[PDB]
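One structure is given here, and the rest of the page talks about it.
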Amino acid sequence: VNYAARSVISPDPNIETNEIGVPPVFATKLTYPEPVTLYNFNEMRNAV
Amino acid sequence: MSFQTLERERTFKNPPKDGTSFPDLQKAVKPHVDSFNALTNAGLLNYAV
Amino acid sequence: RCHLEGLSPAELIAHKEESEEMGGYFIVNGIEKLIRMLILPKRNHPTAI
Amino acid sequence: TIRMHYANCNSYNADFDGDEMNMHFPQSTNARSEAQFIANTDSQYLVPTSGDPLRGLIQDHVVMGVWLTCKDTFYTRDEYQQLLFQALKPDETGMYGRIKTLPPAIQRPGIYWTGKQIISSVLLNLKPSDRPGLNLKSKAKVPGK
Amino acid sequence: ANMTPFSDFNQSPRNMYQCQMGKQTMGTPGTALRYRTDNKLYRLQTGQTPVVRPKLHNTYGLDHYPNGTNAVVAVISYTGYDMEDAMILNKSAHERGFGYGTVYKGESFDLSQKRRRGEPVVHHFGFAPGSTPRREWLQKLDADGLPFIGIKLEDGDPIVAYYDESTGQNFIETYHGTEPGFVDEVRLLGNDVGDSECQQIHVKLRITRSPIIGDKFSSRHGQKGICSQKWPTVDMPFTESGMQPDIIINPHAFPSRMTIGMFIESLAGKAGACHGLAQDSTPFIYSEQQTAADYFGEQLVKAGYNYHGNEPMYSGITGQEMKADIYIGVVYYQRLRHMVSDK
Amino acid sequence: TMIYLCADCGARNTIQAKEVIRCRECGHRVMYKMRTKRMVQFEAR
Amino acid sequence: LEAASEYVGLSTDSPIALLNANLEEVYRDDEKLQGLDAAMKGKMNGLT
Amino acid sequence: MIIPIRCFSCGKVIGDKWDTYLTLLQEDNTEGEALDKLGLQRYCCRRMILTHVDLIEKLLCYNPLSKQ
Amino acid sequence: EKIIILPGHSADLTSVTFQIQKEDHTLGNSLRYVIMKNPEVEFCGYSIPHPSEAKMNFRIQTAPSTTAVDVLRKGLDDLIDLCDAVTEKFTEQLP
Amino acid sequence: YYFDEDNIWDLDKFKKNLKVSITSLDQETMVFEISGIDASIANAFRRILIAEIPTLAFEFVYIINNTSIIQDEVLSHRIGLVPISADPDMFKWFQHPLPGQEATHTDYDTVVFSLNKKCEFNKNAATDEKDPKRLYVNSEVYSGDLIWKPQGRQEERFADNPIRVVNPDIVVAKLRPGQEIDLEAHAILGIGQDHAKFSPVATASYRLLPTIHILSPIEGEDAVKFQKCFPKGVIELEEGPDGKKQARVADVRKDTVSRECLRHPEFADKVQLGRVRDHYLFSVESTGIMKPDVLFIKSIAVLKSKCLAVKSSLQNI
Amino acid sequence: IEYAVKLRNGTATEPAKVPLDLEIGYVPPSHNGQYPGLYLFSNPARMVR
Ligand SMILES: [Zn+2]
Ligand SMILES: [Zn+2]
């Protein structure tokens with residue numbers, strides 16, 4: 001499958017039980033689409 | 001026991017030209033190279049052919 | 001049948017092997033291949049099955 | 001390398017010695033929506049072979065729990081405030097304006113809160129908007145003897 | 001198996017793990033590395049002799065070939081990160097030169113294979129008569145199509161330059177590894193008896209690999225872990241003397257594994273380092289009449305520290321002492337080999 | 001032309017491209033390249 | 001010794017030769033060994 | 001390889017404190033306590049210049065530019 | 001942005017969360033100690049979201065009389081006076 | 001909301017309760033007692049000593065030629081680790097290069113050191129003695145050869161105190177005939193929290209003064225045992241005409257918390273070991289940079305400065 | 001054993017009567033037991049400790 005990374009995994013107690021850490025390489029490299037509407041144009045502007 | 005260091009350093013600076021310092025590594029490799037020596041000498045190939 | 005048997009570690013470091021070279025490996029294309037020892041039934045000893 | 005919390009561990013059945021986990025990312029919005037709602041970690045709190053809970057706090061947290069709940073532990077003002085706050089961590093999780101505390105279990109001649117008082121303080125500061133207080137009686141693991 | 005101190009205090013599965021996993025330490029594969037064209041070699045920049053060592057470890061002469069380092073391991077569950085078999089790594093020690101791995105990847109290039117058939121030897125290394133790009137080619141590749149010695153390479157960049165004779169247009173092959181590597185030596189492997197062109201190059205890339213979060217470490221009893229957070233040096237615990245323990249192991253990991261041999265090793269190390277001894281730890285020496293623990297403890301109380309091995313440690317972030325004392329030993333952490341390539 | 005090293009004898013051999021590689025005195029069949037003067041920077045980390 | 005000699009049935013002061021001969025009779029067959037080990041592990045688990 | 005300047009746990013400098021340690025075992029007939037004359041009181045900065053393999057002097061005898 | 005007030009502050013500015021950037025326990029702990037010597041404060045504890053990113057969440061709950069900003073100001077002045085006393089005695093010690 | 005009414009802040013009472021004494025002070029080591037200070041301030045003083053105060057160190061290293069055995073990145077690292085003697089406040093900070101990166105050096109920011117040694121064969125050696133100090137000239141690349149290069153104004157700025165390496169005898173690399181090292185190291189200012197090589201003081205740490213008190217006075221040979229447990233000097237056997245032998249705690253500052261007694265079966269009743277909660281015993285051993293007096297003074301100075309910083313940036317709001 | 005420990009030290013070496021490597025294989029008799037045949041083995045490609 002595309003859009004799916006993989007790594008060896010260390011523990012962290014500080015984040016949450018919900019949340020998961022994501023290293024910078026996965027963040028900067030894992031992409032997903034976002035439609036652009038009236039009210040989040042500002043965010044996508046900053047993004048690009 | 002104590003750290004053999006002065007022997008280590010003196011073997012490092014000028015390697016021993018007499019005999020390989022740690023003989024038991026050779027006695028560990030002994031099986032293979034002795035089988036091959038027994039190939040060449042001690043008449044192994046000759047008997048076969 | 002090699003040119004290193006009995007050579008004292010000085011004559012080894014003067015060549016390009018490491019002092020306590022142990023030898024025992026056939027070299028093939030540069031990847032030192034070796035014959036694992038296997039285990040066989042006992043020689044000549046008439047056993048039951 | 002990614003980072004997770006101890007809690008989920010006993011579910012994924014990893015020892016975190018250096019084993020590795022696939023991270024996926026559903027692209028569209030239908031998929032991530034149904035995922036976020038049906039399969040959000042807390043919403044899988046009961047393993048479905050039986051009813052018993054499969055998540056939980058683990059080794060350090062549990063024995064330090066036996067050391068904090070124990071009646072022999074007393075905290076002053078400074079340590080109590082600091083510890084309660086470290087437990088809550090409001091802003092990043094959110095939801096609250098100002099934290100509320102309990103009065104000290106023993107007061108004179110020095111003000112010393114007790115540990116179980118702090119576990120109760122946490123249970124309070126996560127109280128829902130208007131839900132009546134919890135009550136429970138159930139056997140612990142460490143036998144009393 | 002013999003060179004695992006106190007090998008007779010461990011639950012045999014753990015001695016089995018430590019055996020099978022010591023055979024993969026990132027240790028010194030020898031001393032002649034300039035003349036080894038092997039594919040992937042690992043060298044541990046700063047290894048040192050174990051302070052606890054079974055005398056056979058000197059007899060077989062391993063000291064030529066050390067495997068790992070000696071870390072002041074404080075058994076403690078303080079950071080909170082080091083649970084579930086992981087551990088920590090004191091950042092100051094991690095930057096002052098703890099196990100500082102160096103990978104060697106020697107990749108070879110052979111124009112002999114790529115010629116189709118028929119026409120004679122065609123391709124050669126270098127810059128064919130004609131122009132060459134300036135932007136990266138002339139930066140890296142010297143003049144002979146052989147790269148500058150020691151220039152840092154990034155994935156998208158050439159390593160060797162060869163050209164067909166017919167088209168006369170230089171081809172290129174880039175460094176297909178995805179991690180900044182260096183170049184140490186390039187060997188122009190002559191073909192044979194003689195009278196031939198350079199038909200093979202051998203470029204030995206020296207990747208550098210410091211301990212990155214995930215790089216497994218291991219004591220000599222089966223406690224393979226992960227470097228989890230690289231905790232800052234000032235936020236670590238500390239004793240009445242001042243030594244920040246360099247690597248924090250987890251207490252909840254010793255039961256359910258039966259590696260009490262490791263605690264014994266801690267005692268032995270803190271004894272050996274103090275006086276200047278090399279504590280003999282061959283299996284089966286110390287019998288039930290007098291425990292090994294008692295002997296090493298006599299040694300320690302001689303040196304000045306507590307007799308069970310304990311030591312009083314003040315925490316780092318609060319400044320007050322830990323109510324109960326803590327355990328500090330001197331263990332041998334033969335670093336493992338699984339860090340970034342696998343991950 | 002470049003400068004190399006005989007692997008065994010260690011002698012500068014100055015071979016030019018499209019040539020018979022060999023040690024001009026040894027008969028050996030391997031040559032290392034030598035590191036020239038080059039300005040590289042490395043952070044002290 | 002007590003448990004084993006009891007399972008085979010001979011006394012504790014038994015003759016060594018007859019004891020050994022019985023034992024030899026014991027573990028050529030294999031089911032009697034399961035009996036012996038049941039009894040022996042019984043006594044040992046008691047001691048433990 | 002070379003002595004690990006600035007020992008791991010503490011921050012003391014021990015670079016120069018090996019070539020003057022080695023010529024104590026060498027010619028003073030002393031034991032491992034020799035290093036105590038060097039000013040190493042802890043036992044972190046003491047498991048550095050005691051049990052360090054100087055594995056360079058066995059490696060520098062490999063110059064390719066031997067000229068011999 | 002050294003100190004920025006996080007968005008949970010009550011309108012009365014009675015329960016504010018300072019967020020000091022580029023700082024760790026080194027100042028957080030001692031500042032908390034000095035603040036707790038102040039009677040009119042009800043709650044003052046410090047935390048860190050994640051040690052990698054150097055952000056220290058502070059937090060002060062105060063009595064209705066004085067707002068928390070003035071409390072922090074006085075606490076910082078008091079910590080400075082503490083260091084003043086320490087340096088005074090210290091530099092008196094040696095010649 | 002409960003304050004206990006004895007925790008009131010009062011600068012006069014605090015300043016009066018505080019006491020400092022300096023046991024020993026040398027050019028390198030300093031041991032002194034602070035007292036009347038709560039734990040957190042001791043933790044802060046220790047932290048600022050280790051982490052926060054600045055000191056020059058070799059950040060960048062430009063190699064022009066390095067054919068030595070030692071890996072190049074290893075050699076740059078190990079050069080960086082050496083310490084340099086220059087009062088770190090005579091310089092400014094280094095504005096780090098964002099894009100637009102080259103023109104980022106000035107005479108106040110960075111100082112340059114340079115070394116170069118080519119190990120050439122020494123022929124005067126009679127026989128084979130691989131010292132190798134005698135077989136080869138310039139064999140061991142020392143630290144003392146890192147000879148500073150003045151950059152303009154600096155030649156008169158630091159004329160009174162030359163910017164030199166702290167220890168002229170550290171080993172940096174090792175050579176044999178034929179190879180060479182040639183490089184220049186750019187040294188800048190640094191804050192220890194980023195990297196350890198900046199931290200001026202190697203070892204700065206404290207102990208809470210132990211307290212030994214004998215509940216029931218021991219007798220006779222047990223006096224020998226009790227003197228023998230703790231290290232020398234801290235336990236005297238009292239010359240008392242009544243009876244024959246007892247033991248009392250002379251001076252505990254030398255003692256370690258080792259807790260040897262409490263293991264004994266018979267002693268456990270007779271002695272406790274506690275800790276004076278407000279007596280703090282600092283030890284600070286410098287590395288090569290500055291007199292530890294200046295270290296501690298500048299450490300509390302740095303705390304003062306960071307408090308001023310947060311104070312002003314608050315005053316803005 | 002006797003002739004071997006003689007062969008090590010001073011006594012001259014004649015052809016070894018019984019070679020040290022030999023393992024004399026006495027198989028005792030017993031009911032329902034391994035068949036008893038005295039086994040005097042003298043070949044290589046075995047294990048010897
Ligand atoms: Zn040649
Ligand atoms: Zn140290």
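Simple scheme: letters A, B, ... for chains in structure tokens order, numbers from 1 for residues in each chain, numbers from 1 for ligands in the order shown.
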task: Specify as a VMD selection string all residues of chain I found within 8 Å of chain E, counting only C-alpha atoms.
output: chain I and resid 25 to 26 29
- request: Please report, as number ranges by chain, each residue of chain F to which DSSP assigns strand (DSSP E) when run on this structure's backbone.
  value: F: 4-6, 30-33, 40-43
message: To check your reading of the model: which residues sit at most 8 Å from ligand 2 when counting only C-alpha atoms and all ligand atoms? Write the answer as a ChimeraX atom specification.
response: /E:243 /H:6-12,42-46 /J:202-203
Include N, CA and C atoms and write out the residues we just selected as an mmCIF file, in the first residue's frame.
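Writing done, so here's result_26.cif:
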```cif
data_model
loop_
_atom_site.group_PDB
_atom_site.id
_atom_site.type_symbol
_atom_site.label_atom_id
_atom_site.label_comp_id
_atom_site.auth_asym_id
_atom_site.auth_seq_id
_atom_site.Cartn_x
_atom_site.Cartn_y
_atom_site.Cartn_z
ATOM 1 N N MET E 243 29.255 11.280 39.970
ATOM 2 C CA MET E 243 29.184 10.643 38.663
ATOM 3 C C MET E 243 27.732 10.449 38.256
ATOM 4 N N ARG H 6 38.337 13.279 27.593
ATOM 5 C CA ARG H 6 37.145 13.704 28.329
ATOM 6 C C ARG H 6 36.225 12.517 28.633
ATOM 7 N N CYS H 7 36.652 11.731 29.626
ATOM 8 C CA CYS H 7 35.990 10.500 30.050
ATOM 9 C C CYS H 7 34.482 10.648 30.127
ATOM 10 N N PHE H 8 33.767 9.545 29.958
ATOM 11 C CA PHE H 8 32.345 9.614 29.662
ATOM 12 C C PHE H 8 31.511 10.213 30.783
ATOM 13 N N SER H 9 31.498 9.577 31.950
ATOM 14 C CA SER H 9 30.575 9.996 32.995
ATOM 15 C C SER H 9 30.892 11.402 33.477
ATOM 16 N N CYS H 10 32.067 11.588 34.065
ATOM 17 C CA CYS H 10 32.461 12.901 34.548
ATOM 18 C C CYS H 10 32.920 13.736 33.358
ATOM 19 N N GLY H 11 33.572 14.861 33.623
ATOM 20 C CA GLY H 11 34.058 15.702 32.550
ATOM 21 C C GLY H 11 35.554 15.926 32.567
ATOM 22 N N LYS H 12 36.265 15.215 33.437
ATOM 23 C CA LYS H 12 37.705 15.395 33.550
ATOM 24 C C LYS H 12 38.387 15.057 32.235
ATOM 25 N N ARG H 42 37.519 9.576 41.546
ATOM 26 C CA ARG H 42 36.249 8.920 41.273
ATOM 27 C C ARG H 42 36.511 7.512 40.759
ATOM 28 N N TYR H 43 35.457 6.799 40.376
ATOM 29 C CA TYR H 43 35.618 5.526 39.691
ATOM 30 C C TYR H 43 34.876 5.504 38.365
ATOM 31 N N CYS H 44 34.559 6.671 37.829
ATOM 32 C CA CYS H 44 34.080 6.726 36.462
ATOM 33 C C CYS H 44 35.262 7.107 35.604
ATOM 34 N N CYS H 45 35.898 8.225 35.949
ATOM 35 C CA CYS H 45 37.138 8.640 35.323
ATOM 36 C C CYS H 45 38.296 7.714 35.634
ATOM 37 N N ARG H 46 38.059 6.632 36.363
ATOM 38 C CA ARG H 46 39.104 5.665 36.624
ATOM 39 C C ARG H 46 38.941 4.401 35.812
ATOM 40 N N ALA J 202 33.852 20.608 34.882
ATOM 41 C CA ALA J 202 33.644 19.192 34.640
ATOM 42 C C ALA J 202 32.639 18.623 35.619
ATOM 43 N N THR J 203 32.902 18.779 36.909
ATOM 44 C CA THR J 203 32.185 18.053 37.943
ATOM 45 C C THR J 203 31.784 19.016 39.042
#
```
task: Do me a favour and pick out the residues of chain K within 9 Å of chain G, using only C-alpha atoms, as number ranges by chain.
output: K: 30-33
Store the residues picked out above in a file with C-alpha atoms, as a compact mmCIF listing (two decimals), in the first residue's frame.
```txt
# COMPACT_ATOMS: atom_id res chain seq x y z
CA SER K 30 23.16 -55.91 30.67
CA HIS K 31 19.62 -57.13 30.12
CA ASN K 32 17.69 -55.33 27.39
CA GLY K 33 20.82 -53.27 26.86
```
task: Output as a PyMOL selection string the set of chain B residues within 6 Å of chain C, with distances taken over only C-alpha atoms.
output: chain B and resi 15+17+19+32-33
message: When you look at residue 94 of chain I with a cut-off of 10 Å (counting only C-alpha atoms), what residues show up, excluding the ones that are within fewer than 2 positions of it in the same chain? I need them as a ChimeraX atom specification.
response: /I:89-92 /J:21-22,25,293
Selection above as a file: C-alpha atoms, as a PDB file, in the first residue's frame:
```
ATOM      1  CA  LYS I  89      27.835  36.512  51.308  1.00  0.00           C
ATOM      2  CA  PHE I  90      29.889  34.602  48.751  1.00  0.00           C
ATOM      3  CA  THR I  91      32.019  37.530  47.629  1.00  0.00           C
ATOM      4  CA  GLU I  92      32.457  38.441  51.281  1.00  0.00           C
TER       5      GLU I  92
ATOM      6  CA  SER J  21      31.899  28.812  54.426  1.00  0.00           C
ATOM      7  CA  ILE J  22      34.633  27.853  51.991  1.00  0.00           C
ATOM      8  CA  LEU J  25      39.936  26.732  47.230  1.00  0.00           C
ATOM      9  CA  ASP J 293      35.242  31.288  42.235  1.00  0.00           C
TER      10      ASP J 293
END
```
- request: Enumerate as a list in words the residues within 12 Å of ligand 1, counting only C-alpha atoms and all ligand atoms.
  value: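 Every residue with an atom at most 12 Å from ligand 1 is listed here: residues 190 and 194 of chain E; 4, 5, 6, 7, 8, 9, 10, 11, 12, 13, 21, 22, 23, 24, 25, 26, 27, 28, 29, 30, 31 and 32 of chain F; 64, 65, 66, 67 and 68 of chain H.
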Output N, CA, C and O atoms for every residue in the selection just made, as a compact mmCIF listing (two decimals), in the first residue's frame.
```txt
# COMPACT_ATOMS: atom_id res chain seq x y z
N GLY E 190 43.17 -3.86 -10.99
CA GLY E 190 43.68 -4.36 -12.25
C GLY E 190 43.02 -5.66 -12.63
O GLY E 190 42.59 -6.44 -11.78
N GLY E 194 48.01 -9.07 -16.42
CA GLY E 194 48.38 -7.74 -16.81
C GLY E 194 47.81 -7.43 -18.17
O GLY E 194 46.94 -8.14 -18.67
N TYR F 4 48.86 7.52 -8.32
CA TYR F 4 48.30 6.43 -7.54
C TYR F 4 49.38 5.85 -6.65
O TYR F 4 50.47 6.42 -6.52
N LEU F 5 49.07 4.73 -6.02
CA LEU F 5 50.02 4.02 -5.17
C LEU F 5 49.99 2.54 -5.50
O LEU F 5 48.92 1.94 -5.60
N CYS F 6 51.17 1.96 -5.68
CA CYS F 6 51.28 0.52 -5.71
C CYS F 6 50.82 -0.03 -4.37
O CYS F 6 51.27 0.42 -3.32
N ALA F 7 49.92 -1.00 -4.41
CA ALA F 7 49.42 -1.54 -3.16
C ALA F 7 50.52 -2.22 -2.36
O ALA F 7 50.61 -1.98 -1.15
N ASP F 8 51.36 -3.01 -3.00
CA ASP F 8 52.41 -3.76 -2.32
C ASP F 8 53.70 -2.97 -2.19
O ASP F 8 54.18 -2.76 -1.07
N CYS F 9 54.25 -2.50 -3.30
CA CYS F 9 55.51 -1.77 -3.28
C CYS F 9 55.38 -0.32 -2.87
O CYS F 9 56.35 0.25 -2.36
N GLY F 10 54.22 0.29 -3.06
CA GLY F 10 54.05 1.67 -2.66
C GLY F 10 54.92 2.62 -3.45
O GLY F 10 55.85 3.22 -2.90
N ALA F 11 54.64 2.77 -4.74
CA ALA F 11 55.41 3.67 -5.59
C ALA F 11 54.46 4.47 -6.46
O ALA F 11 53.58 3.91 -7.10
N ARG F 12 54.65 5.79 -6.46
CA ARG F 12 53.89 6.66 -7.34
C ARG F 12 54.08 6.24 -8.79
O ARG F 12 55.21 6.10 -9.26
N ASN F 13 52.97 6.03 -9.51
CA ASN F 13 53.04 5.38 -10.81
C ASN F 13 52.56 6.22 -11.98
O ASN F 13 52.81 5.83 -13.13
N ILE F 21 47.02 -1.05 -16.49
CA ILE F 21 47.27 -0.80 -15.07
C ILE F 21 48.21 -1.89 -14.55
O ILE F 21 47.97 -3.09 -14.77
N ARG F 22 49.28 -1.48 -13.89
CA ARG F 22 50.23 -2.38 -13.25
C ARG F 22 51.25 -1.52 -12.51
O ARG F 22 51.43 -0.34 -12.84
N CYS F 23 51.89 -2.11 -11.51
CA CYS F 23 52.95 -1.41 -10.81
C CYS F 23 54.21 -1.41 -11.66
O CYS F 23 54.76 -2.47 -11.97
N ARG F 24 54.67 -0.22 -12.04
CA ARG F 24 55.73 -0.12 -13.04
C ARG F 24 57.04 -0.73 -12.58
O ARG F 24 58.00 -0.75 -13.36
N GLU F 25 57.12 -1.22 -11.35
CA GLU F 25 58.29 -1.92 -10.85
C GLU F 25 57.93 -3.27 -10.24
O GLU F 25 58.70 -4.23 -10.32
N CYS F 26 56.75 -3.35 -9.63
CA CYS F 26 56.39 -4.51 -8.83
C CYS F 26 55.80 -5.62 -9.70
O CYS F 26 56.04 -6.81 -9.44
N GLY F 27 55.02 -5.26 -10.71
CA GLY F 27 54.20 -6.22 -11.40
C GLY F 27 52.87 -6.46 -10.74
O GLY F 27 52.08 -7.27 -11.24
N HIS F 28 52.60 -5.76 -9.65
CA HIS F 28 51.37 -5.93 -8.90
C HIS F 28 50.20 -5.38 -9.71
O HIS F 28 50.40 -4.63 -10.67
N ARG F 29 48.99 -5.78 -9.34
CA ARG F 29 47.81 -5.46 -10.14
C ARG F 29 46.71 -4.76 -9.34
O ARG F 29 45.53 -5.01 -9.57
N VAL F 30 47.08 -3.86 -8.43
CA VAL F 30 46.12 -3.09 -7.64
C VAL F 30 46.77 -1.75 -7.33
O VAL F 30 47.95 -1.70 -6.98
N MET F 31 46.01 -0.67 -7.46
CA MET F 31 46.49 0.67 -7.16
C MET F 31 45.46 1.43 -6.34
O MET F 31 44.29 1.50 -6.73
N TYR F 32 45.89 2.00 -5.23
CA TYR F 32 45.03 2.91 -4.48
C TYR F 32 45.20 4.32 -5.03
O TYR F 32 46.25 4.67 -5.56
N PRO H 64 49.79 2.17 3.78
CA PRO H 64 49.96 1.79 2.38
C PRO H 64 51.14 2.48 1.75
O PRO H 64 51.83 1.89 0.90
N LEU H 65 51.42 3.71 2.17
CA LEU H 65 52.62 4.43 1.72
C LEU H 65 53.83 4.03 2.57
O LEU H 65 54.47 4.84 3.24
N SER H 66 54.15 2.74 2.50
CA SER H 66 55.29 2.21 3.25
C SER H 66 56.60 2.54 2.55
O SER H 66 57.63 2.75 3.22
N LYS H 67 56.60 2.57 1.22
CA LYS H 67 57.80 2.80 0.42
C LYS H 67 58.86 1.73 0.69
O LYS H 67 60.06 2.00 0.73
N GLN H 68 58.40 0.49 0.89
CA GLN H 68 59.31 -0.62 1.16
C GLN H 68 58.79 -1.91 0.54
O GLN H 68 58.79 -2.96 1.19
```
message: I need the chain C residues near chain F as a PyMOL selection string; criterion: at most 12 Å, counting only C-alpha atoms.
response: chain C and resi 14-16
Distance in Å - atom CA of residue 10 of chain B versus atom CA of residue 26 of chain E: 26.5 Å
